[PDB]
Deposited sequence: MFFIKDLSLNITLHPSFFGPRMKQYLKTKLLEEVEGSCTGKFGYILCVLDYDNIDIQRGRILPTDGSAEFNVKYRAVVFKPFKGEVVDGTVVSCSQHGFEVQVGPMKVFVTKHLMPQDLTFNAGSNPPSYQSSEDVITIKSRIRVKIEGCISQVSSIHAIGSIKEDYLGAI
């Protein structure tokens, strides 16, 4: 899920004091946080409202950012970027959701003979670039990364 969250960051600078050290600090803020990720509260994708970032040695920098964090039970749409005997990955925002072969209908089976690799049944063909609706069955949170495992077994899931 995408959210806008109020965040904070303490930065330390006496070699760079100046009438426009504020732009410098905003710069370090972007380098330090934008594009970062924690299992705690997800991906800090984009710092917002650059012109008004609140800045108060060390300075407490209060800012807002668009953040992404998956949650168990969340249903999302995405694109298949890879298949293997173990299953396929779905690109969802900045994250890859891995659907294991055991979380797919049993009639869906890997075609180790196709290219690109794919899973198929009596009706659908899931391969690279396929649009798909999946359910996040679990999120594994590491110190600086988040992992999602998904399923397309239930009703209303699968090929879009």
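Walk along the deposited sequence from position 1 and note every stretch that has no C-alpha coordinates.
-> The deposited sequence has unmodelled segments at 14, 58 to 67.
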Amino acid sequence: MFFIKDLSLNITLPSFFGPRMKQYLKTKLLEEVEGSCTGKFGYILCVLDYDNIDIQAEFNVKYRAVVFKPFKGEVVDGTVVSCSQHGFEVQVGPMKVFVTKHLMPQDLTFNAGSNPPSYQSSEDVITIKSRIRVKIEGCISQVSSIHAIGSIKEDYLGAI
From here on, numbers count along this sequence of modelled residues.
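Look over 59 to 67 and 122 to 130 in the entry and identify the one with the greater average Cα temperature factor.
-> That would be 122 to 130.
Per the PDB record, is the mean Cα temperature factor higher over 104 to 112 or over 30 to 38?
-> Comparing 30 to 38 with 104 to 112, the higher mean C-alpha B-factor belongs to 104 to 112.
Residue 21's Cα B-factor: lowest, middle or highest third of the chain?
-> Residue 21: CA B-factor falls in the highest third of its chain.
Ranked C-alpha temperature factor of residue 159 among modelled chain residues, by third = Ranked within chain, residue 159 CA B lands in the highest tercile.
Considering only modelled residues of the same chain, in which third does the CA B-factor of residue 151 rank: lowest, middle or highest?
-> Its C-alpha B-factor, which the entry lists for residue 151, ranks in the lowest third among residues of this chain.
Thinking about Cα B factors across the chain, which third does residue 136 belong to?
-> Ranked within chain, residue 136 CA B lands in the lowest tercile.
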